[PDB]
There are 4 protein chains.
Amino acid sequence: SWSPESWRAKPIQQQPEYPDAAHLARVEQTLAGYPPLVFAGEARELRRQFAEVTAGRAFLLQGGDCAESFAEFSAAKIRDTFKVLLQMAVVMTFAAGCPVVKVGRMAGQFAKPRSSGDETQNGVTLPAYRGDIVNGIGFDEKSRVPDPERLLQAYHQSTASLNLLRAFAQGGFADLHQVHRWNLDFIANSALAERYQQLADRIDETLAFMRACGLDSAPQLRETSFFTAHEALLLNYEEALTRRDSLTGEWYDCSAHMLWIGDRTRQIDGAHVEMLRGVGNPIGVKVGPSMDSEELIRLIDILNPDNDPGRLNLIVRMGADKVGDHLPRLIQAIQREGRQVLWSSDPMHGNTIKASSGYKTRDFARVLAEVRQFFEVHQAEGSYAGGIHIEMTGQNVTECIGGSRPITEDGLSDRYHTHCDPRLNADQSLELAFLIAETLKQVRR
Amino acid sequence: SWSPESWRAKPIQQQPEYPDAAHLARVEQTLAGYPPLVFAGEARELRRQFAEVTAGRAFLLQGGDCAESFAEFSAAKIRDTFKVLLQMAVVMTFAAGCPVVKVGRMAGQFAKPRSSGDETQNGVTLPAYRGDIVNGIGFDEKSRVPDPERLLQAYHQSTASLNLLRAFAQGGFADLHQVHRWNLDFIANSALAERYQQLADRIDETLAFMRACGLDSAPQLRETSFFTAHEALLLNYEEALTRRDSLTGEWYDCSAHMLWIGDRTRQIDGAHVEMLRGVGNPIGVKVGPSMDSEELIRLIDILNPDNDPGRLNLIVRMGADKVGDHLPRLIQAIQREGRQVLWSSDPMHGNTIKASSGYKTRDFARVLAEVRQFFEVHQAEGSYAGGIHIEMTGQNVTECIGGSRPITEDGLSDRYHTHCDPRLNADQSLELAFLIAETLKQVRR
Amino acid sequence: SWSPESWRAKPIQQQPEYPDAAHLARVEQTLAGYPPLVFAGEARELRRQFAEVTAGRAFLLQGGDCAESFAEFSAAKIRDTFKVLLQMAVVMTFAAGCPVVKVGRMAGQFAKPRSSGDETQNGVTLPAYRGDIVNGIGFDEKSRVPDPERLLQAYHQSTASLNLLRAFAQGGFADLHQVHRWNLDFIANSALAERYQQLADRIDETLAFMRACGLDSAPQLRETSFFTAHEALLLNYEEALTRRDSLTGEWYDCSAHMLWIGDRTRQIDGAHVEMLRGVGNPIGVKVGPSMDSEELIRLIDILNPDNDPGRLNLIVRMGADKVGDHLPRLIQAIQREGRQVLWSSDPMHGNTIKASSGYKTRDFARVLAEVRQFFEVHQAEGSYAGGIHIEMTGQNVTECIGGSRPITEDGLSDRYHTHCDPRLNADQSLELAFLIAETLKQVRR
Amino acid sequence: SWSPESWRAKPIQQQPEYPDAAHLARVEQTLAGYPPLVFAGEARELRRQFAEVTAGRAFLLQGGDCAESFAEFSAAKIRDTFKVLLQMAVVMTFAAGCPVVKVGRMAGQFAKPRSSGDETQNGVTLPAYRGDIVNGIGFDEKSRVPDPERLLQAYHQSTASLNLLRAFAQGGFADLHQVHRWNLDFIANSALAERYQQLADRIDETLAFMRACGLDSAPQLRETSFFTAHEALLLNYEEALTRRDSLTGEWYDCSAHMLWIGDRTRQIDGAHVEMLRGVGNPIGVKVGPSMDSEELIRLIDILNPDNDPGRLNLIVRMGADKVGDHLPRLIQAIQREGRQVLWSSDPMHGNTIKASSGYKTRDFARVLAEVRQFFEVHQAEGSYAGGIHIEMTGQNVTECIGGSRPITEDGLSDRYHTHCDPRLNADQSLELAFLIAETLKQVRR
Ligand SMILES: N[C@@H](Cc1c[nH]c2ccccc12)C(=O)O
Ligand SMILES: N[C@@H](Cc1c[nH]c2ccccc12)C(=O)O
Ligand SMILES: N[C@@H](Cc1c[nH]c2ccccc12)C(=O)O
Ligand SMILES: N[C@@H](Cc1c[nH]c2ccccc12)C(=O)O
Ligand SMILES: [Cl-]
Ligand SMILES: [Cl-]
Ligand SMILES: [Cl-]
Ligand SMILES: [Cl-]
Ligand SMILES: [Cl-]
Ligand SMILES: [Cl-]
Ligand SMILES: [Cl-]
Ligand SMILES: [Cl-]
Ligand SMILES: [Co+2]
Ligand SMILES: [Co+2]
Ligand SMILES: [Co+2]
Ligand SMILES: [Co+2]
């Protein structure tokens with residue numbers, strides 16, 4: 001049997017050590033009384049859309065932050081990342097004639113899993129930084145001791161962020177008439193920028209035609225659905241925000257529409273699998289090179305016992321060198337056992353190089369290579385390449401190498417070569433969108 | 001005061017001499033008891049659409065037969081002419097983003113005005129052929145004596161023709177998914193054929209996008225309004241088919257949605273002006289080189305005393321040599337007197353050359369030149385070039401010279417160089433549509 | 001193998017004896033060259049709607065003339081019968097929340113099957129009157145000899161009638177704002193008239209609500225689909241109007257959307273079954289008391305070999321005394337053999353009493369009793385009561401007894417007590433519609 | 001000239017005395033960097049809807065808290081108040097056929113104007129409670145000293161509240177299929193409860209009809225616009241949340257869609273008028289008995305110099321005894337000077353009785369009397385009664401006397417008889433909605 005607190009009886013990885021259990025429990029009770037971020041009916045609607053993807057009738061775009069931070073809590077940052085997501089979505093929707101399910105890694109993507117539980121600099125060892133929802137990035141004792149009050153700050157940043165995202169999605173910002181406005185000003189003077197401009201002009205002509213034909217009325221042209229997701233890592237936060245549906249009695253984790261389990265926390269007997277087992281949300285699991293086909297099926301039996309086609313997103317992150325060797329055997333097992341899953345590529349988390357110094361690099365060419373091979377593997381196996389899962393930014397930076405132009409090495413990006421990972425910029429994201437749109441069009445041809 | 005028979009008190013041109021007045025009256029009474037071709041509410045809807053054109057928010061496409069004939073009463077002929085009209089309309093709608101009001105010279109365009117009331121061949125003089133609704137094309141006494149029973153045959157051909165047209169317009173034939181099917185098979189292996197194909201592909205992509213966005217539902221994508229028109233020439237026919245609106249009591253000529261007065265029958269004190277004065281239909285007048293600005297205004301005072309913007313279509317047919325010299329003074333008068341009119345170009349009837357032999361030629365280059373100059377004159381005067389009025393066919397023939405390829409001289413086309421006039425073929429009609437679409441796009445830019 | 005003329009090799013009932021075979025063949029060739037009444041795509045759309053009925057998601061309303069006549073060829077008669085059909089449809093649609101498929105016995109219901117091939121009055125025996133498409137109602141030699149030219153007159157009346165019906169259905173007459181206007185002025189000063197008025201007011205409030213909510217735009221509120229049907233009896237007419245679909249090559253009888261075989265002409269080895277076997281239209285068969293379950297299945301095997309759910313309408317006409325005894329065994333056979341059929345009640349043709357004099361009476365109470373029992377039988381068997389098939393008129397007459405008020409005995413109705421049968425009037429039709437709407441609401445509850 | 005800080009140069013009423021100016025300024029800067037609650041485009045959309053009301057084509061429903069509190073920050077409270085607003089809106093929309101603009105006094109209605117700047121209990125005098133955004137309700141020094149950190153707590157409660165409201169409005173909670181679910185369980189066993197049930201059933205029948213007709217698709221049936229409003233009282237909060245529109249450069253107060261000036265702070269030379277003068281939001285002004293016609297016009301000149309019809313809501317709160325004597329002269333002045341305003345009734349704030357003890361009572365019968373007279377006055381003057389502005393709750397309490405049943409005297413309601421004012425409950429709100437719906441229907445008849 002399941003409860004929102006049943007995870008606490010299981011073995012668990014990646015959790016902080018709080019210094020005062022009672023203080024933690026007080027903050028958890030405060031949070032438990034605060035309004036949810038999402039309505040259960042919305043999570044059901046995302047499941048319905050996931051089922052369209054799983055059936056090959058739509059495509060899942062999931063994108064946003066590596067890890068959101070309290071020091072970057074602005075409307076401009078939120079807006080500009082949303083613009084990139086809209087630009088990618090409209091490229092794929094128009095060029096491929098394919099509905100796109102838009103899910104942001106936003107409004108709650110704070111907690112970060114770490115390779116090591118501690119960090120050492122020149123003879124001093126402190127607890128690892130686990131994201132702003134747990135502790136601070138500064139290498140000092142006060143910063144690194146987990147502080148339960150950070151749960152509430154994360155909640156407050158999430159409600160402000162999602163309120164604004166809902167306002168943009170429904171209130172006119174995402175109206176198709178605004179297609180040119182979604183292109184960030186630093187996408188310019190290039191073949192890619194021209195390509196988007198031309199596509200946007202084709203959309204203008206489409207809308208003018210639909211107006212001349214007597215439509216243009218349709219609310220679908222003026223708004224779009226937008227959903228949120230994050231890794232369900234800090235289960236104290238997730239439990240506090242887990243709530244029963246008023247109508248059905250069924251539990252939903254209402255911190256976000258979609259929750260996923262990370263590659264380091266997907267132990268079948270573990271806490272994270274136990275938490276998501278019993279919520280009604282659509283959910284995801286990160287599937288890295290260590291996953292074999294036997295243990296994948298066992299995980300699916302726990303996380304989707306009814307084999308519902310909108311329930312489960314398998315987010316494959318193998319690396320450009322391993323996707324061809326590892327993915328086919330997993331697909332074959334799913335096909336053999338008749339399982340309904342939404343397959344996505346995370347082409348980023350398997351393609352990070354960490355130097356001895358700790359400095360992280362991601363080569364955009366390896367990113368693109370993994371995406372190309374992911375579609376190739378699905379094509380060979382007769383299965384459906386259903387989505388893309390990326391870390392990106394609307395900021396005018398270059399964090400991944402191998403792009404058209406060289407990396408920028410701004411201090412604001414230092415976080416994204418050490419504690420976090422390198423994100424795609426708008427140019428890279430747009431190039432990826434065009435690649436996917438061409439690939440989808442050929443699949444649907 | 002007005003009645004459906006008040007025209008009979010006026011001087012009249014272009015009427016046949018029937019041999020038995022009582023026989024004529026019996027056929028008129030039979031017809032008066034037959035159902036109308038159109039519903040008054042439909043004529044009102046066309047007036048509403050004419051008002052959109054007059055205001056510069058739409059464009060009027062009027063096209064079809066020089067004169068319909070009893071010997072060419074087929075579904076294939078009707079369908080193929082309708083295809084050309086759809087192809088022209090969709091080109092202008094998509095390329096210019098402009099609603100197109102589609103009106104066919106069909107389902108009643110039988111009566112023909114003639115330069116001479118008789119015809120002489122080798123010492124024998126007979127009454128002129130005035131169209132199948134009056135008499136027969138054969139040069140012999142029996143054929144040429146007006147036969148009132150031909151009124152009923154024309155009525156029956158009209159109901160069959162319009163029934164089929166309504167079925168095509170509403171029943172799926174004009175669904176935008178059928179855009180490729182409207183291109184006749186002899187439009188091929190040319191730059192123009194490729195141009196339409198490419199536009200049709202853009203429409204497919206538009207519809208696929210609208211489906212991906214969640215529309216594609218809209219009935220407007222599956223059907224289109226279609227209206228009929230003919231010259232109100234044989235007033236016996238028009239009177240019999242003139243009926244009172246059930247709801248409003250007001251009279252409509254229900255032989256067609258739109259009726260026009262020909263260039264030879266527009267005498268301000270004459271029968272034809274008197275007939276149309278008192279019906280509620282949208283109406284047209286042919287305006288040739290003989291029209292001065294004073295008498296135009298006097299005509300408008302009679303035909304549109306309330307200055308209703310959906311009432312009156314001025315159909316300008318000057319010839320490519322005269323449109324620049326004659327049209328500006330007419331527009332200036334309309335602007336000065338604040339009159340609301342829909343200006344159309346008939347670029348055909350002012351560009352016919354009749355040799356001493358009687359053989360008629362129309363140079364497509366002169367046709368295009370008059371259209372170009374018509375738009376030029378409106379541009380210079382600040383008025384709106386609101387429509388095109390053409391004679392065309394879906395048959396695989398070439399009747400007008402100066403086209404990409406030479407004229408065909410098929411016997412079926414002999415009618416159209418003697419009694420009737422040369423029609424545009426599908427290639428010419430499509431070339432014209434692209435010219436207009438480019439011109440409209442530049443007007444709306 | 002099948003052709004439009006393959007029926008001519010089979011045994012045939014109910015056909016006229018034409019005096020000149022060559023003359024008949026000339027008229028058939030003339031007709032074969034005239035435009036069709038319907039487009040094959042439309043017949044396909046009606047099949048799609050029949051499939052909705054068969055699945056229990058809609059209801060079939062079929063109504064119109066016993067037999068159309070040349071002497072009653074008016075717009076008013078056509079309009080007023082259409083009003084009754086609209087009133088019945090809107091009652092069932094609004095009160096039961098059930099889509100209604102509207103099919104008129106109109107624009108071609110001329111040929112009549114007869115009990116006897118001749119008629120005798122005071123020592124003189126003449127061929128039976130078989131409807132105006134064959135011969136005349138007058139009891140004299142000239143009238144009764146079949147005249148092939150009547151095929152063309154029937155065609156011409158049909159195109160005029162259907163043109164007008166299409167105009168009403170699509171052009172505004174059937175806009176839901178016109179709901180009060182469909183009530184004929186002689187429905188007044190009664191509980192039934194008040195009941196319709198109140199329902200019409202509820203529709204007004206619905207439309208005002210939808211306008212206030214931001215809809216009211218929808219073309220579905222302004223137009224409705226309308227289809228035609230008649231008994232395929234005079235196969236010469238049907239063959240001439242049978243045409244190949246341009247796109248698919250498949251044959252459709254394009255005289256009407258739906259054709260049915262009469263109770264006297266449904267011999268499994270006969271001409272009428274052979275004709276309809278090979279056309280693509282939705283079709284019907286009249287099923288009277290003489291039908292057993294074995295021969296029904298054999299008929300279905302011929303007429304619907306692929307068991308398509310939109311193909312076949314079984315039109316049950318048993319009489320109020322026999323429907324309970326005869327229908328259950330037929331339903332059981334269809335259920336046992338897994339056949340997909342649309343079951344309708346014709347509650348009129350099994351409830352006619354013919355006196356020794358020849359005078360026909362129909363008791364409206366028996367009509368209602370058969371309808372009630374038809375729904376009862378379906379309820380008991382777990383099958384779907386899918387439609388109603390009636391003979392009705394918009395004329396201010398009373399032809400069936402047992403109505404609220406007594407029969408009128410107008411001369412115009414004498415036809416409908418001798419050669420034709422008594423029709424329901426508007427009051428009776430409305431009462432029936434309310435009965436059906438209540439019954440459907442209880443089925444869907 | 002105007003800036004977001006120009007109010008600071010003007011004389012000002014109702015402001016707190018903060019103990020540390022620098023601390024206040026630090027919190028203001030923090031807030032100034034946080035995301036806005038609303039998008040400027042949304043405020044423009046509300047102006048567009050206000051213009052519909054002003055023109056007599058819609059009705060404004062504004063309702064919610066007297067003053068929101070930190071101790072009542074729940075999803076249930078937010079949801080249940082939203083249910084009441086939906087129930088009122090759907091009653092007026094369906095029964096009157098009138099679009100309703102829905103605006104909640106929610107997500108920011110914290111600051112309260114007070115009659116006295118201090119409060120004395122048994123020889124101790126402390127600063128007045130001014131709402132949770134300023135200080136605490138407890139009568140003690142620590143509670144009553146203004147604390148600038150409360151600005152941030154109010155912001156955080158507002159983003160959580162509006163996020164949830166947006167989720168309900170767009171995400172399915174406000175789908176018209178949910179009409180029964182908006183009725184709170186304690187509305188039952190009464191004529192009023194039956195009346196709503198019956199109306200909800202009529203809506204179900206409407207939706208079933210629209211489904212049967214082929215609609216039911218429309219996104220307008222599934223979602224609704226919802227906007228927020230509060231009194232712009234604490235100008236420090238408003239200034240921090242005032243932001244420039246990205247596209248137009250123009251300033252909007254992005255704390256809420258609509259802001260109003262209270263009856264005690266509407267001095268024409270004062271700070272509150274100065275603040276709202278220069279923002280682009282739709283705005284309101286409370287108009288009490290002290291307002292004369294000369295000073296109203298002068299206020300309108302400042303707050304709506306362009307006489308835009310969507311800009312200004314005059315919220316009339318006179319008391320049931322004074323509305324008839326005071327309102328007509330104000331309307332006459334507006335009509336004489338050609339001003340475009342949206343007239344609303346606040347029938348609550350002029351109908352409070354404060355005993356010597358301080359205990360506040362509001363008689364629901366006086367509330368209804370003022371509303372009735374407000375509509376009467378507009379009817380007499382030829383102007384439009386455009387909206388209602390109420391304080392209400394979804395809690396199962398009775399705070400206003402004169403209701404069907406007696407007041408409850410729950411401790412949770414003690415706030416609403418001392419510091420705040422008595423709110424309407426769901427029964428009272430529904431009764432009011434029916435009164436208004438009947439009145440609107442008669443206006444539109
Ligand atoms: N009904 C729309 C679109 C449309 C349908 N079929 C068409 C054919 C040609 C042009 C446009 C259309 C219109 O008339 O504009
Ligand atoms: N609402 C549609 C169309 C749409 C609106 N805005 C968008 C932005 C991007 C992509 C599509 C859209 C959809 O989500 O598909
Ligand atoms: N969207 C429509 C209909 C609607 C949906 N939900 C509502 C709730 C109440 C009133 C109306 C509605 C409107 O706002 O009018
Ligand atoms: N077009 C819809 C609604 C409709 C329009 N006119 C009608 C007349 C009767 C019944 C329904 C309708 C339908 O056929 O259902
Ligand atoms: Cl909750
Ligand atoms: Cl690579
Ligand atoms: Cl008529
Ligand atoms: Cl030329
Ligand atoms: Cl054909
Ligand atoms: Cl009986
Ligand atoms: Cl901002
Ligand atoms: Cl009172
Ligand atoms: Co990362
Ligand atoms: Co001509
Ligand atoms: Co009969
Ligand atoms: Co108050």
# chains A, B, ... in the order shown; residues from 1 in each chain; ligands from 1

call {"tool": "interface_residues", "arguments": {"of": "chain B", "to": "chain D", "cutoff": "12 Å", "atoms": "only C-alpha atoms", "output": "list in words"}}
result
residues 214, 215, 216, 217, 218 and 219 of chain B

call {"tool": "residues_around", "arguments": {"residues": "segment 174-177 of chain C", "least_positions_apart": "6", "cutoff": "9 Å", "atoms": "only C-alpha atoms", "output": "list in words"}}
result
residues 83, 86, 90, 168, 203, 204, 207, 220, 221, 222, 223 and 224 of chain C

call {"tool": "select_by_dssp", "arguments": {"residues": "segment 206-399 of chain B", "states": "alpha helix (DSSP H)", "output": "number ranges by chain"}}
result
B: 206-212, 235-240, 271-277, 293-303, 323-336, 364-381

call {"tool": "residues_near_ligand", "arguments": {"ligand": "ligand 10", "cutoff": "12 Å", "atoms": "only C-alpha atoms and all ligand atoms", "output": "number ranges by chain"}}
result
C: 319-322, 347, 351, 362-373, 401-403

call {"tool": "residues_near_ligand", "arguments": {"ligand": "ligand 16", "cutoff": "7 Å", "atoms": "only C-alpha atoms and all ligand atoms", "output": "ChimeraX atom specification"}}
result
/D:66,349,391,420-421

call {"tool": "select_by_dssp", "arguments": {"residues": "segment 253-419 of chain B", "states": "strand (DSSP E)", "output": "JSON, numbers by chain"}}
result
{"B": [253, 258, 259, 260, 261, 283, 284, 285, 286, 287, 312, 313, 314, 315, 316, 342, 343, 344, 345, 352, 353, 354, 360, 361, 362, 387, 388, 389, 390, 391]}

call {"tool": "closest_residue", "arguments": {"among": "D:213, D:388, D:24, D:12", "to": "residue 58 of chain C", "atoms": "only C-alpha atoms"}}
result
D:213

call {"tool": "residues_around", "arguments": {"residues": "residue 32 of chain A", "least_positions_apart": "2", "cutoff": "7 Å", "atoms": "only C-alpha atoms", "output": "PyMOL selection string"}}
result
chain A and resi 28-30+34+240-241

call {"tool": "write_last_selection", "arguments": {"atoms": "C-alpha atoms", "output": "PDB file, in the first residue's frame"}}
result
ATOM      1  CA  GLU A  28       7.306  20.538   5.905  1.00  0.00           C
ATOM      2  CA  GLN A  29       4.018  21.237   7.764  1.00  0.00           C
ATOM      3  CA  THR A  30       4.023  24.850   6.667  1.00  0.00           C
ATOM      4  CA  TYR A  34       0.307  26.061   1.083  1.00  0.00           C
ATOM      5  CA  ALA A 240       4.417  18.298   1.190  1.00  0.00           C
ATOM      6  CA  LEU A 241       3.058  19.197  -2.250  1.00  0.00           C
TER       7      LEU A 241
END

call {"tool": "residues_around", "arguments": {"residues": "residue 443 of chain B", "least_positions_apart": "2", "cutoff": "12 Å", "atoms": "only C-alpha atoms", "output": "ChimeraX atom specification"}}
result
/B:56-59,96-98,375-376,378-380,382-386,436-441,445

call {"tool": "write_last_selection", "arguments": {"atoms": "N, CA and C atoms", "output": "short mmCIF file (atom, residue, chain, number, x, y, z; two decimals), in the first residue's frame"}}
result
data_model
loop_
_atom_site.label_atom_id
_atom_site.label_comp_id
_atom_site.auth_asym_id
_atom_site.auth_seq_id
_atom_site.Cartn_x
_atom_site.Cartn_y
_atom_site.Cartn_z
N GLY B 56 -13.13 47.41 -49.82
CA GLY B 56 -11.74 47.03 -49.97
C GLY B 56 -11.29 45.84 -49.13
N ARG B 57 -12.23 45.06 -48.59
CA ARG B 57 -11.94 43.95 -47.71
C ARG B 57 -12.11 42.57 -48.38
N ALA B 58 -12.42 42.57 -49.68
CA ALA B 58 -12.59 41.32 -50.45
C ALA B 58 -12.43 41.65 -51.93
N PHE B 59 -12.47 40.62 -52.79
CA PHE B 59 -12.34 40.75 -54.23
C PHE B 59 -13.38 39.86 -54.91
N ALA B 96 -2.74 36.38 -51.85
CA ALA B 96 -3.01 37.77 -51.47
C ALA B 96 -3.63 37.91 -50.08
N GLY B 97 -3.99 36.79 -49.44
CA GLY B 97 -4.66 36.85 -48.13
C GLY B 97 -5.99 37.61 -48.19
N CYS B 98 -6.69 37.48 -49.32
CA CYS B 98 -7.87 38.29 -49.61
C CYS B 98 -9.09 37.37 -49.83
N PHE B 375 -6.17 48.30 -62.83
CA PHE B 375 -5.58 48.42 -61.50
C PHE B 375 -4.75 49.71 -61.39
N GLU B 376 -3.97 50.01 -62.44
CA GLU B 376 -3.20 51.27 -62.47
C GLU B 376 -4.06 52.51 -62.28
N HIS B 378 -7.12 52.76 -60.90
CA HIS B 378 -7.58 52.80 -59.53
C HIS B 378 -6.49 53.25 -58.55
N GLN B 379 -5.29 52.72 -58.71
CA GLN B 379 -4.16 53.11 -57.87
C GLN B 379 -3.95 54.64 -57.94
N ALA B 380 -3.96 55.19 -59.15
CA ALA B 380 -3.77 56.64 -59.35
C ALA B 380 -4.88 57.48 -58.75
N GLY B 382 -6.95 56.60 -56.14
CA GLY B 382 -7.23 56.31 -54.73
C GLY B 382 -8.51 55.50 -54.50
N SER B 383 -9.02 54.87 -55.56
CA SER B 383 -10.22 54.03 -55.48
C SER B 383 -9.79 52.56 -55.46
N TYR B 384 -10.76 51.66 -55.33
CA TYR B 384 -10.46 50.23 -55.17
C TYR B 384 -10.82 49.40 -56.41
N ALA B 385 -9.82 48.69 -56.96
CA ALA B 385 -10.03 47.77 -58.07
C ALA B 385 -10.59 46.49 -57.44
N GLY B 386 -11.91 46.32 -57.57
CA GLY B 386 -12.64 45.36 -56.73
C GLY B 386 -12.98 44.01 -57.32
N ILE B 436 -3.45 38.99 -60.82
CA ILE B 436 -4.30 39.68 -59.90
C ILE B 436 -3.81 39.48 -58.46
N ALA B 437 -3.45 38.25 -58.10
CA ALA B 437 -2.99 37.97 -56.73
C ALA B 437 -1.76 38.82 -56.36
N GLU B 438 -0.81 38.93 -57.28
CA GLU B 438 0.38 39.78 -57.05
C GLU B 438 -0.01 41.24 -56.88
N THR B 439 -0.94 41.69 -57.72
CA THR B 439 -1.38 43.06 -57.70
C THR B 439 -2.11 43.35 -56.39
N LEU B 440 -2.99 42.44 -55.96
CA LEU B 440 -3.73 42.61 -54.72
C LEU B 440 -2.82 42.60 -53.52
N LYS B 441 -1.83 41.73 -53.53
CA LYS B 441 -0.85 41.65 -52.43
C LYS B 441 -0.11 42.99 -52.30
N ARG B 445 -0.12 45.65 -49.11
CA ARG B 445 1.22 45.47 -48.51
C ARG B 445 1.47 46.39 -47.32
#

call {"tool": "closest_residue", "arguments": {"among": "D:202, D:257, D:211, D:112", "to": "ligand 4", "atoms": "only C-alpha atoms and all ligand atoms"}}
result
D:211

call {"tool": "closest_residue", "arguments": {"among": "B:63, B:16, B:422, B:138", "to": "residue 104 of chain B", "atoms": "only C-alpha atoms"}}
result
B:63

call {"tool": "residues_around", "arguments": {"residues": "residue 256 of chain D", "least_positions_apart": "2", "cutoff": "8 Å", "atoms": "only C-alpha atoms", "output": "number ranges by chain"}}
result
D: 37-38, 107-108, 227-230, 253-254, 258-259

call {"tool": "write_last_selection", "arguments": {"atoms": "N, CA and C atoms", "output": "PDB file, in the first residue's frame"}}
result
ATOM      1  N   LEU D  37       2.763  40.054 -11.226  1.00  0.00           N
ATOM      2  CA  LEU D  37       1.623  39.139 -11.073  1.00  0.00           C
ATOM      3  C   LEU D  37       0.898  38.999 -12.396  1.00  0.00           C
ATOM      4  N   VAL D  38       0.823  40.084 -13.166  1.00  0.00           N
ATOM      5  CA  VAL D  38       0.140  40.089 -14.460  1.00  0.00           C
ATOM      6  C   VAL D  38       1.025  40.648 -15.566  1.00  0.00           C
ATOM      7  N   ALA D 107      -5.795  37.759  -4.570  1.00  0.00           N
ATOM      8  CA  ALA D 107      -4.394  37.808  -4.956  1.00  0.00           C
ATOM      9  C   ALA D 107      -3.779  39.217  -4.823  1.00  0.00           C
ATOM     10  N   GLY D 108      -4.111  39.874  -3.721  1.00  0.00           N
ATOM     11  CA  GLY D 108      -3.544  41.154  -3.454  1.00  0.00           C
ATOM     12  C   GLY D 108      -4.343  42.165  -2.653  1.00  0.00           C
ATOM     13  N   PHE D 227      -9.787  37.762 -13.961  1.00  0.00           N
ATOM     14  CA  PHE D 227      -8.891  38.881 -13.679  1.00  0.00           C
ATOM     15  C   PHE D 227      -8.912  39.180 -12.196  1.00  0.00           C
ATOM     16  N   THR D 228      -7.905  39.897 -11.717  1.00  0.00           N
ATOM     17  CA  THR D 228      -7.768  40.262 -10.326  1.00  0.00           C
ATOM     18  C   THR D 228      -7.774  41.763 -10.170  1.00  0.00           C
ATOM     19  N   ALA D 229      -8.155  42.162  -8.967  1.00  0.00           N
ATOM     20  CA  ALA D 229      -8.219  43.551  -8.595  1.00  0.00           C
ATOM     21  C   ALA D 229      -7.990  43.724  -7.115  1.00  0.00           C
ATOM     22  N   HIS D 230      -7.467  44.887  -6.748  1.00  0.00           N
ATOM     23  CA  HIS D 230      -7.453  45.291  -5.359  1.00  0.00           C
ATOM     24  C   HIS D 230      -7.372  46.792  -5.250  1.00  0.00           C
ATOM     25  N   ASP D 253       0.678  48.923 -13.706  1.00  0.00           N
ATOM     26  CA  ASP D 253       0.817  48.427 -12.353  1.00  0.00           C
ATOM     27  C   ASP D 253       0.531  46.934 -12.450  1.00  0.00           C
ATOM     28  N   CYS D 254       1.580  46.116 -12.371  1.00  0.00           N
ATOM     29  CA  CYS D 254       1.424  44.686 -12.624  1.00  0.00           C
ATOM     30  C   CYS D 254       1.219  43.848 -11.355  1.00  0.00           C
ATOM     31  N   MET D 258      -6.681  45.088 -12.475  1.00  0.00           N
ATOM     32  CA  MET D 258      -7.449  46.294 -12.190  1.00  0.00           C
ATOM     33  C   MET D 258      -7.066  46.828 -10.811  1.00  0.00           C
ATOM     34  N   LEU D 259      -6.893  48.138 -10.696  1.00  0.00           N
ATOM     35  CA  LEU D 259      -6.637  48.745  -9.381  1.00  0.00           C
ATOM     36  C   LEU D 259      -7.722  49.800  -9.163  1.00  0.00           C
TER      37      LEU D 259
END

call {"tool": "residues_around", "arguments": {"residues": "residue 309 of chain A", "least_positions_apart": "4", "cutoff": "9 Å", "atoms": "only C-alpha atoms", "output": "PyMOL selection string"}}
result
chain A and resi 47-48+50-55+304+339-342
